[PDB]
Engineer: 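Pasting a structure here, questions to come.
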Amino acid sequence: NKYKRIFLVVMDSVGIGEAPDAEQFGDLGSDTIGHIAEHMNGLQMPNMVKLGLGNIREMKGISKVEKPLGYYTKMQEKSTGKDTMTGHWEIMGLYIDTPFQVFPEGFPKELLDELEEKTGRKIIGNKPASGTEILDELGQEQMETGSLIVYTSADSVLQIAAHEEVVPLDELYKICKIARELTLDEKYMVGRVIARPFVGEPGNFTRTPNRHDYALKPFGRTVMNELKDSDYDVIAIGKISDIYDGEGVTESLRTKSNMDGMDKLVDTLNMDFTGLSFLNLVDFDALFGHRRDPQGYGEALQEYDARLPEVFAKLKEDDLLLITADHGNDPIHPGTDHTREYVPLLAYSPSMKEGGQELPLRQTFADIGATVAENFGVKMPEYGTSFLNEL
Ligand SMILES: O=P(O)(O)OC[C@H]1O[C@H](O)[C@H](O)[C@@H]1O
Ligand SMILES: [Mn+2]
Ligand SMILES: [Mn+2]
Ligand SMILES: [Mn+2]
């Protein structure tokens, strides 16, 4: 193998400017990093700059360098959707025609009617809402009537809340499985179904650790599957295992924050493994992008950047670090949905003694998967062109 270990970091939603097909998605003008940098009056990301972020695109506080540490370019998304699952499935070698849907006006009557018909239970709510706010609003009615609180967020989710003393846990799980079946439909294609059991009384409801998430398998066997099948390590950090529904994963490390994600990355650097360590830094998307908070987003980017020199120090000669994103989520953009953007790509190994150069623009995110597959000598994905030989 060229590299013994590859560390792949997805900065979730960290887009680098509107894609050629942005107009189709209502995303003209979008620019996640660029708009953040303007808000911050210059983003302080000196380590990403050293890697070559400014060499991809110059932005406020982010300038090109004469000798970037590694190779750099951006990637264009080929799949139809601009969600997390689509972006990640494409990164690992797939092409996804069917987009996962978001529901700012709630779910279609047709879907909810069938859910009622299959379960024998009434549905209340049916709107985007905070999971804690909707319990204060509707939790008492739920307890009194045995109905189901169905709600959504800014992402592709269908969430079902029910009190554990009124609707038995095992019944809530059965209901969610029915919903998971019904939502495998492009009339109303939902990324995740989530059980949200709660306890307590009006004015004091608590959501329990009995939450369960019902994910879809990726629409194809991924490069992760092939790595696992060839007895390589595939270490998933953060939301990675959930995003792939565990497919191809050999170890999973839960994280509570971006800083905790970087700590687990450091943990994997300290492990003797051969294969892939795959981190998702989700805070950018979950806390700041959807909430349209450019200040919080900018601060989070600066906090992430400050962690990188320790990562640089621990990389071995036969390690490769890949940093990218899975879509955009411009915090100064109308609405609450993601944005269709190019994503940055930085590729760095300490073995790059003369620094890096510009790579040709990656025409699919699957180029990452192809590179990983070629490195480890496993079956090449159907889509994607490796850049391994360019490094
Ligand atoms: O805490 P809630 O408001 O119920 O749910 C918000 C998000 O919590 C989970 O990460 C899902 O991504 C949801 O979109
Ligand atoms: Mn838009
Ligand atoms: Mn994402
Ligand atoms: Mn999102």
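Position 1 is the first residue of the sequence, and the numbers go up from there. Read the numbers this way: they start at 1 and go in the same order the structure lists the ligands and their atoms.
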Engineer: For the pair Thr250 (side chain) and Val234 (backbone), establish whether a donor and an acceptor sit closer than 3.5 Å, ignoring hydrogens and angles.
Structural biologist: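 Looks like yes, one N/O pair under 3.5 Å.
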
Engineer: Please determine whether the number of non-hydrogen atoms from other residues, nucleotides or ligands lying under 6.0 Å from atom CG of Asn270 exceeds 12.
Structural biologist: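 More than 12 within 6.0 Å, yes.
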
Engineer: Which protein N, O or S atoms lie under 2.8 Å from the Mn ion (ligand 2), given by chain and residue number?
Structural biologist: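 Correct list: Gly26 O, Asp27 OD1, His333 NE2.
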
Engineer: Quick check on the 6.0 Å ring-centre criterion: do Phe7 and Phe273 meet it?
Structural biologist: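 Ring centres of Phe273 and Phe7 closer than 6.0 Å.
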
Engineer: Quick one: which residue pairs count as a side-chain hydrogen bond (donor to acceptor under 3.5 Å, both in side chains) with a foot in residues 48-63, not counting sequence neighbours?
Structural biologist: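 As it turns out, the side-chain hydrogen bond (donor to acceptor under 3.5 Å, both in side chains) pairs with a partner in residues 48-63, which skip direct neighbours, are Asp31-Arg57, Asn41-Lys60.
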
Engineer: Using distance alone, with no hydrogens and no angle criterion, decide if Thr208 and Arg211 have a side-chain donor and acceptor under 3.5 Å apart.
Structural biologist: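 Absent: no donor and acceptor within the cut-off.
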
Engineer: Compute whether any side-chain donor of one residue and acceptor of the other, for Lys82 and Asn329, lie under 3.5 angstrom apart.
Structural biologist: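 There is no such pair between these side chains.
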
Engineer: Do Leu361 and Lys74 have side chains that get closer than 4.5 Å, going by heavy atoms?
Structural biologist: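 Side chain of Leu361 against side chain of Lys74, heavy atoms only: contact under 4.5 Å found.
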
Engineer: Heavy-atom distance under 4.5 Å between the side chains of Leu315 and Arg5, does that happen here?
Structural biologist: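 They are not in contact (no side-chain heavy atoms under 4.5 Å apart), so the answer is no.
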
Engineer: Compute whether any side-chain donor of one residue and acceptor of the other, for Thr222 and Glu247, lie under 3.5 angstrom apart.
Structural biologist: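 Side-chain D/A pair, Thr222 to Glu247: absent.
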
Engineer: What side-chain donor-acceptor pairs closer than 3.5 Å can you find for residues 384-391, not counting sequence neighbours?
Structural biologist:
from: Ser386; atom 1: OG; to: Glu374; atom 2: OE1; distance (Å): 2.5
from: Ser386; atom 1: OG; to: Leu388; atom 2: N; distance (Å): 3.0

Engineer: Hey, is the Mn ion (ligand 4) within less than 2.8 Å of some N/O/S atom on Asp83?
Structural biologist: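 Of the N, O and S atoms in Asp83, none lies under 2.8 Å from the Mn ion (ligand 4), which means no.
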
Engineer: Check whether the ring centres of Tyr348 and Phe312 lie less than 6.0 Å apart, and answer yes or no.
Structural biologist: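 Yes - the distance between ring centres of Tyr348 and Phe312 falls below the 6.0 Å cut-off.
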
Engineer: What N/O/S atom of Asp155 gets nearest to the Mn ion (ligand 4)?
Structural biologist: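 When I compare the N, O and S atoms of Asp155, OD1 is nearest to the Mn ion (ligand 4).
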
Engineer: Please tabulate protein-ligand N/O pairs under 3.5 Å for ligand 1, atom names and distances to 0.1 Å.
Structural biologist:
from: ligand 1; atom 1: 1 (O); to: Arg207; atom 2: NH1; distance (Å): 3.4
from: ligand 1; atom 1: 1 (O); to: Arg207; atom 2: NH2; distance (Å): 2.7
from: ligand 1; atom 1: 3 (O); to: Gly131; atom 2: N; distance (Å): 2.7
from: ligand 1; atom 1: 4 (O); to: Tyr151; atom 2: OH; distance (Å): 2.6
from: ligand 1; atom 1: 4 (O); to: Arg207; atom 2: NH1; distance (Å): 2.5
from: ligand 1; atom 1: 5 (O); to: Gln159; atom 2: NE2; distance (Å): 3.2
from: ligand 1; atom 1: 5 (O); to: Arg196; atom 2: NH2; distance (Å): 3.3
from: ligand 1; atom 1: 8 (O); to: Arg196; atom 2: NH2; distance (Å): 3.0
from: ligand 1; atom 1: 12 (O); to: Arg192; atom 2: NH1; distance (Å): 3.1
from: ligand 1; atom 1: 12 (O); to: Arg192; atom 2: NH2; distance (Å): 2.8
from: ligand 1; atom 1: 14 (O); to: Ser153; atom 2: OG; distance (Å): 2.5

Engineer: Any N/O/S of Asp285 under 2.8 Å from the Mn ion (ligand 4)?
Structural biologist: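 For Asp285, the answer is yes, given that an N, O or S atom comes within less than 2.8 Å of the Mn ion (ligand 4).
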
Engineer: Counting backbone and side-chain atoms alike, does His290 have an N/O/S atom under 2.8 Å from the Mn ion (ligand 4)?
Structural biologist: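 Checking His290: at least one N, O or S atom is under 2.8 Å.
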
